[PDB]
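Below: one structure, written as structure tokens.
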Ligand SMILES: COc1cccc([C@@H](C)NCCCc2ccccc2Cl)c1
Ligand SMILES: [Ca+2]
Ligand SMILES: [Ca+2]
């Protein structure tokens, strides 16, 4: 507490007044309350300084363990599919479905599933730098590989090179960085990332969504050919799932406040990937 | 009508799974906004898929 | 703002300390800041409280 003034009476007479939040009194007969040191907050008794709680999406939360379980299951399923394809090689269907392109697609799907682990845990600097470009490049490679499905590799590498060059331009000009946000609550510090260049993120998302749209159009144009077990139908379905996932992702990200924002991405990515894999494999 | 029922169920499930995090950590009008959006999306998906 | 004791000095000598949030003072030469009523809150200038 701190000493008050009964106006009209001498200085030897005072009244004790409670020190407010963000202030404390650690001395007998104090006149003013000291402000807490930065990254510290007054306790309930207003006499000492507890540490401000650091908040992020941890691995101990049930949400984190659930997302990790789903990601590991996706990785296992992709590896299982790749092993089955490589074991039953030189067979009619596998050789009919462009073995090499299928292997590249499965590797890129493994990359897509592994790229979701950068959005979980305390965000360090390199994780914030590698969060978006990994998924962007991997999914662009996936989409191009499906679209193409030698000359094929030359065709497939160009879109990935475009994505790589825009990503490296982004990282050279203004890279993201970690941020210890202190505005959302006076007793909690939220550790997040911060995309330095919004234009690069928008361009990356738009390029991916344009490739998806082109693939969807070419799949719907040929939705009745029965070649290769009628893969056009399932490519159409995969593109539809992708578009639904991201169109529903927009409001989910817009409405979320706090750490759980990261969660939504770890959801959306996974969902999209899963759909794709199933419909094609 | 197998395809349409399956797609409607997918729309419903994807919408709610995506909106779970927003429901877990939000207080205010955005809760009602999420409710209305998730109801309208499901109803529109069902109608469009079926009829 | 409110009066603040300077230790070892007579009552006529004091300091001016700004009132914190949720409390206000609407007079000159104030000793203790008041408390805004229920459903009110002090303004930025802390000269009154609005609903
Ligand atoms: C086309 O689909 C994608 C292509 C690249 C990245 C992604 C996901 C992983 N992040 C979206 C970025 C969402 C966003 C928008 C504005 C401000 C901050 C943020 Cl964080 C999706
Ligand atoms: Ca007197
Ligand atoms: Ca004296």
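The first residue you see is number 1, and the count goes up from there.
The backbone N, Cα and C atoms fix where each Cβ goes, and this holds for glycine too.
Summarising the annotation, Swiss-Prot assigns disulfide bond to C:19-C:33, C:36-C:49 and lists experimental evidence as the type of evidence. The N-linked glycosylation site annotation in Swiss-Prot covers C:45 and is backed by experimental evidence.
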Q | Local backbone state of residue C:49 (disulfide bond), from DSSP in three classes | A | strand
Q.
Cα-Cα, whole number of Å: residue C:33 (disulfide bond) versus the residue listed as 'N-linked glycosylation site'?
A. 13
Q) How many whole Å apart are the CA atoms of residue C:45 (N-linked glycosylation site) and residue C:19 (disulfide bond)? A) 9
Q.
Cα-Cα, whole number of Å: residue C:36 (disulfide bond) versus residue C:19 (disulfide bond)?
A. 12
Q: With an 8 Å cut-off on Cβ-Cβ distance and a minimum sequence separation of at least 6, pull the same-chain contacts of residue C:19 (disulfide bond), or say none.
A: C:1, C:2, C:25, C:33, C:42, C:46
Q. Any idea what DSSP makes of residue C:36 (disulfide bond), helix, strand or coil?
A. coil
Q | Cβ packing number for the residue listed as 'N-linked glycosylation site', 10 Å threshold | A | 8
Q: For residue C:19 (disulfide bond), just give me the three-state DSSP call.
A: coil
